[PDB]
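Quick setup: one chain, the form deposited in one PDB entry, written in structure tokens, and binding and motion questions come after.
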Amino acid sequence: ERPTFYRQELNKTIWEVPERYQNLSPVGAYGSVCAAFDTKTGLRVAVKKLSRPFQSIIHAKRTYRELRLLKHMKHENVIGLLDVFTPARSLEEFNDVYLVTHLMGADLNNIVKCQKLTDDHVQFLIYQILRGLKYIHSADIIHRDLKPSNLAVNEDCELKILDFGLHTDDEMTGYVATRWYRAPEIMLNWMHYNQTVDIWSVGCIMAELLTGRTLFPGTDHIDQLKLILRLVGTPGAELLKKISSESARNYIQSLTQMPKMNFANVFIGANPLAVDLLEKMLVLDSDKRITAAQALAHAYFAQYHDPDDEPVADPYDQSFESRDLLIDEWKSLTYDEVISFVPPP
């Protein structure tokens, strides 16, 4: 049965949401999002209204991608879908999509920036990121854009992963957090990349939680690459060969060879086990980085690691990515996914 919708204007656009959602207030950065009190579940929720979802093929495909991703993610440490609705009564008038998720009070960026983090806080926070990433990667999904701002956290330090990378050139330019957590292979388009790019991001985050400082705050791509290589050393012959970009390979070979630095001398006073894990994450060769599944079993997480409570994901069919469809087809697929949504228990 259809709920009653009511409307209000929240900064230049009309929100039409079901009555269960009250006290809407904008929170901007994450898209077009409102905090809301959900009266049926008693939860504080985030309601995102999609922005012109079917105005182009790329937009319509994006909207479907986003809904597909969110409907599949059911894990404590990954943002999931509480609800999805449109005020539209049929396909013909279907033109707006609204998404409802948990609203966690803060992001990791405000945590590291405002509070001192004990080594035990670091254990728990990274543990949770890895636990959710094992789940994410097990579905063959790559986040691609892991940074402190898309790690939501509550009062109890419980964490969910948000905003799967699904950026323009300018946004990646200069002295910007948008690029500081990016694996060098994506940053510079070295090769066809995979899910361990997400592990490099975790390395940078973990480092920053331990020291309270960005690990590689490059002023631009090249400066950042230098910051990276000073720490991990320049590529060996084996890696140079795996860079499929001739042009990128040729550039990296112009650099004075440097060895990998001693991580105990960079992360002074840190847990030796934390140092070890960092050395295994911040490996230049992605083939050799530690996987999230492998990381969870590392000694650093002895306290939180529970092999029976680190679930993988159901199969995720993303063959739609290969498909070229018409706006109307992408829109009909999105509609079918809206109409068949069943709330969680």
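In this text, residue numbers run from 1 along the sequence as written. Definition used throughout: the rigid core is the maximal C-alpha set that superposes within 1.5 Å between two forms. Only residues modelled in both forms are compared.
Gaps at residue 174 occur in at least a third of the other compared entries of the protein that contain both adjacent residues. Note: missing coordinates for residue 259 occur in none of the other compared entries bracketing this position, so the one-third threshold is not reached.
Coordinates are given for every residue of the deposited sequence from residue 177 through residue 178, so that no gap is recorded there. According to the record, the deposited sequence contains 1 to 3 residues between residue 27 and residue 28 that were left without coordinates.
Mean CA B-factor, 30 to 38 versus 305 to 313: the higher value falls on 30 to 38. Comparing 109 to 117 with 177 to 185, the stretch with the higher mean C-alpha B-factor in the PDB entry is 109 to 117. Comparing the listed residues 222, 215, 157, 161, the entry records the largest Cα B-factor for 157. Among 195, 149, 211, 77, the highest C-alpha B-factor recorded in the PDB entry belongs to 195.
Looking at the C-alpha B-factors along this chain, the one for residue 285 belongs to the middle third. Split the chain's modelled residues into thirds by C-alpha temperature factor. Residue 9 is in the highest one.
Placement of the Cα temperature factor of residue 52 within the chain: highest third of the modelled residues, per the deposited record. When the modelled residues of the chain are ordered by C-alpha B-factor, residue 324 sits in the highest third. Residue 102 sits in the middle third of its chain by CA B factor, as recorded in the PDB entry.
There is another form of this protein, the form deposited with a small molecule bound, and it is not shown here; the text below is about that form.
None of 120 to 128, 260 to 268, 205 to 213, 225 to 233 except one has non-hydrogen atoms within 4.5 angstroms of the small molecule in the bound PDB entry; the exception is 225 to 233.
Only one of 190, 94, 180, 85 comes within 4.5 Å of the small molecule in the bound PDB entry through a heavy atom, and that residue is 190. Residue in contact with the small molecule in the bound PDB entry (any heavy atom within 4.5 Å), chosen from 139, 252, 275, 112: 252.
At least one heavy atom of residue 284 is located within 4.5 Å of the small molecule in the bound PDB entry.
Contact check for residue 218: no non-hydrogen atom falls within 4.5 Å of the small molecule in the bound PDB entry. Identified as moving between this form and the one not shown on the superposed core are the stretches 28 to 31, 114 to 116, 243 to 246, each made of at least three consecutive residues whose Cα atoms shift by 2 Å or more.
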